[PDB]
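Those letters in the sequence shown? Residues 1 to 219, 234 to 448, by the deposited numbering. Just so you know, even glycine gets a beta-carbon here, dropped at the ideal spot from N, CA and C.
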Amino acid sequence: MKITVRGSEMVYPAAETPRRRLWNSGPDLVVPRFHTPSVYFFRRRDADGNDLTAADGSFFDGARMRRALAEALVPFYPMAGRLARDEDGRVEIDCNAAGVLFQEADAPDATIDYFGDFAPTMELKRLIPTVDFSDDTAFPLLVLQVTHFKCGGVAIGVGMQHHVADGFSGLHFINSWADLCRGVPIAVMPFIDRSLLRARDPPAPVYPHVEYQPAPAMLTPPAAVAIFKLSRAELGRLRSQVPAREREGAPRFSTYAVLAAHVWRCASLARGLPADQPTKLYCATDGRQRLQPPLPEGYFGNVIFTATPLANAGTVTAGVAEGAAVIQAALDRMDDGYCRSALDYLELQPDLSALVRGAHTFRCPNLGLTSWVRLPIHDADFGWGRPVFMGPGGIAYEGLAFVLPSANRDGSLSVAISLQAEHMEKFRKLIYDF
Ligand SMILES: CC(C)(COP(=O)(O)OP(=O)(O)OC[C@H]1O[C@@H](n2cnc3c(N)ncnc32)[C@H](O)[C@@H]1OP(=O)(O)O)[C@@H](O)C(=O)NCCC(=O)NCCS
Ligand SMILES: O=C(/C=C/c1ccc(O)cc1)O[C@@H]1CC(C(=O)O)=C[C@@H](O)[C@@H]1O
């Protein structure tokens, strides 16, 4: 598919910004190392057919966007910084307003519909500017690219470095970028200081934090990527396979626990894991309302703690009910005490870059399932309308999956996932087999 770079320029903050070092919390430092690939799609028209082009005839005007960008780079000023170690080796952010990369591009021969279901395939990744990772102190924390398409359609490819923000804060920035570009003031100001997620003095962890321990191994084959939608009705059915035990007294399983158990099960069956094979499911968890007192809105960075349900495949593949209980218990266990204890625990390891989650974390027999269901991924209205889709621009690792809210409020959920190719073939036949 032919794509040309119309042009690229480093954008800089639209005012004075402190040239400080930013302390990175433990969570900021264990999330995966590179950039979070995100991709938006907008159509020139719809939903009825209405033209979305502005009065002034603009549709995603580069200059107007670089302008908002620069402005939003002021409160969110560390988005402009660079990665620096410290007097120890501990990665922190160097706020040096060295700017973010922005860049326009053209897809003259192809409509957006070329991407079909928008699976985070290899092809989709090209909508994002490529970074050179070989000098992590050099590359910008935020690369951007707005691609204009053969039928008036537009694609924003976002590449945000993990240390900087999680889905919540990252989307805070992007949505704020789109707010300015639309002529609206930022509703909530980023809190830049990540002091609130500092360990206790001295560290007193009360758990061994299974989430930071080495994933289970089997007692490299390239990976296929696909996306699977489950309607509100299918989700209902799946849920009904989970008998809400009256005699127990406990609350019903969350929808996540049910969907995740189903995915964990399909993945385990797809991979042909024998019954005694242990398997670990990684579930990124938002600590914003786990911690007490709650973090202040606008808190800027990662508040991601990790729930890792762990069981034998036999338990997981025996049914959704049994997997969901394991998952739901793992989740319920993430309270203020557990989260704060995880802070203390990370403060004790020597090199945190050994705890960074990567390919070793998520690959067979294990799994990651990251939910964006609660994230405002469809809020980015720059002035020309809400996107028709947003999701991961690629999936770096075999075994990693994402849950995505429906773009059109229809109550469906989509699962985007990378598996070994032979496993994916099976998985396609399993994921709806219920
Ligand atoms: C905790 C987690 C495992 C489940 O997230 P969730 O989708 O909010 O659902 P939870 O299991 O936390 O919460 C329990 C239920 O209360 C619901 N709920 C409670 N308050 C809510 C709110 N303010 N908005 C939306 N849903 C809410 C949840 O949707 C969930 O599902 P249900 O519809 O089946 O009841 C985890 O996915 C999470 O914290 N997600 C939030 C965003 C996130 O994690 N981002 C990570 C990307 S870096
Ligand atoms: O899910 C996020 C980030 C979300 C995001 C979304 C939009 C944006 O602009 C920035 C970040 O990161 C996640 C972090 C993670 C972990 O193990 O903690 C596993 C990965 O699956 C995810 O990539």
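What I want to know is whether the C-beta of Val334 ends up closer than 8 angstroms to one or more non-hydrogen atoms of ligand 1.
The answer is no for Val334.
Cross-strand partners of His148 (DSSP beta bridge)
Per DSSP, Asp106, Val154.
Along the chain, where does the alpha helix (DSSP H) that runs through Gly312 open and close?
For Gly312, there is no enclosing alpha helix (DSSP H), as DSSP marks it with neither H nor E.
With residue 449 as the anchor, note down where its alpha helix (DSSP H) starts and where it stops.
For residue 449 there is no data in the structure shown, the boundaries of the chain being 1 and 448.
Check whether the Cβ atoms of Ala105 and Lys150 sit closer than 9 angstroms, and answer yes or no.
For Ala105 and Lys150, no; Cβs fall outside 9 angstroms.
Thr322 classed as buried or exposed, judged by whether at least 16 other C-beta atoms fall within 10 angstroms:
It counts as buried.
Cβ of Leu171 within 8 angstroms of any heavy atom in ligand 2?
At least one heavy atom of ligand 2 falls within 8 angstroms of the beta-carbon of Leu171.
Across which residues does DSSP place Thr293 in a beta bridge pair?
Bridge partners of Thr293: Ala325.
Contact set for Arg266: own chain, Cβ-Cβ below 6 angstroms, skip 5 residues either direction:
Hits under 6 angstroms: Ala258.
Same chain, Cβ closer than 7 angstroms to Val402, five either side skipped, listed in chain order:
Cβ within range, chain order: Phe41, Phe42, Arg43, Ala421.
Does at least one heavy atom of ligand 1 sit under 8 angstroms from the Cβ of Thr269?
Correct: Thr269 has its Cβ closer than 8 angstroms to ligand 1.
Based on Cα-Cα distance, which residue from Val334, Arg354, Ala325 lies nearest to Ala344?
That would be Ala325, whose Cα lies nearest to the Cα of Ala344.
Contacts around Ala110, its chain only, beta-carbon distance under 6 angstroms, and the 5 residues preceding and following it disregarded:
Its chain contains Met1, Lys150 as the residues whose beta carbon lies nearer than 6 angstroms to that of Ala110, once the 5 sequence neighbours on both sides are disregarded; these appear in chain order.
In the region 151-208, which residue ranges form an unbroken alpha helix (DSSP H) of at least 4 residues, counting only runs that do not cross its ends?
Runs found: 167-180.
Go to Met404, then tell me how far its beta strand (DSSP E) extends in each direction, as first and last residue.
In this chain, the beta strand (DSSP E) harbouring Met404 covers 403-406.
Note the first and the last residue of the continuous beta strand (DSSP E) segment covering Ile241.
Looking at the DSSP string, the run of the beta strand (DSSP E) that includes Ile241 is 237-244.
Following a CB-centred definition, is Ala321 positioned closer than 8 angstroms to any heavy atom of ligand 1?
Under cutoff, so the answer is yes.
Whose C-beta lies closer than 6 angstroms to the C-beta of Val340 among residues of the same chain, with five residues either side of it excluded?
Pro323, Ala325, listed in sequence order.
Could you check if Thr384 belongs to the surroundings of ligand 1, using beta carbon to heavy atom distance under 8 angstroms?
Taking the Cβ of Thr384 as the reference point, at least one heavy atom of ligand 1 falls within a distance shorter than 8 angstroms.
Would you identify the three-state DSSP class for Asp346, choosing helix, strand or coil?
Three-state DSSP puts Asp346 in a helix.
Those runs of the alpha helix (DSSP H) which lie wholly inside the region 267-292 and span at least 4 residues:
As far as the region 267-292 is concerned, its whole alpha helix (DSSP H) runs of at least 4 residues are 269-284.
Within its chain, find whatever has a CB closer than 7 angstroms to the CB of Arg45; leave out the 5 residues flanking it on each side and keep chain order.
For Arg45, the CB contacts under 7 angstroms within the same chain, skipping 5 residues up- and downstream, are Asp51, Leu52 in chain order.
Integer-rounded CB distance, given that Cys353 should sit under 8 angstroms from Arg285
Wrong, their Cβ atoms sit about 31 angstroms apart, outside the cutoff.
Are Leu252 and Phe448 closer than 9 angstroms when you measure CB to CB?
Result yes, Cβ atoms of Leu252 and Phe448 sit closer than 9 angstroms.
So what does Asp300 bridge to, in DSSP terms?
Beta bridge pairing from DSSP links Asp300 with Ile318.
Selected residue, minimal CA-CA separation from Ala289, among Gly333, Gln213, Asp48, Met122
When each option's Cα is compared against that of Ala289, the closest is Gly333.
Meets three-Cβ-pair contact criterion under 8 angstroms: the region 392-406 and the region 171-184:
Verdict: yes, contact present.
Length of the line joining the Cα atoms of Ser428 and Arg246
Each residue's Cα considered, the two are about 11 angstroms apart.
DSSP state of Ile445 mapped onto helix, strand, coil
Three-state result, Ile445: coil.
Can we say the region 300-319 touches the region 80-89, given the rule of at least three CB pairs closer than 8 angstroms?
No: the two stretches stay apart, fewer than three of their Cβ pairs being nearer than 8 angstroms.
Below 8 angstroms on the Cβ atoms is my contact criterion, and I expect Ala217 with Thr137 to pass it. Report the Cβ-Cβ distance as a whole number of Å.
Between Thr137 and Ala217 the Cβ distance is about 33 angstroms, and since that is not below 8 angstroms, they are no contact.
Does DSSP put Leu29 in a helix, a strand or coil?
Three-state DSSP puts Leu29 in a helix.
State the DSSP-derived secondary structure class of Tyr114, mapped to helix, strand or coil.
Here DSSP, grouped into helix, strand and coil, assigns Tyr114 to helix.
If you measure from the CB of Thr121, is any heavy atom of ligand 2 nearer than 8 angstroms?
False, no ligand heavy atom lies under 8 angstroms from that Cβ.
Cβ pair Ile93, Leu127 closer than 9 angstroms
Not in contact: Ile93 and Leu127 (Cβ atoms no closer than 9 angstroms).
To which residues of the same chain is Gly167 closer than 7 angstroms at the C-beta, ignoring the five residues directly before and after it?
Once the five neighbours on either side are set aside, the close Cβ partners of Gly167 are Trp386, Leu389.
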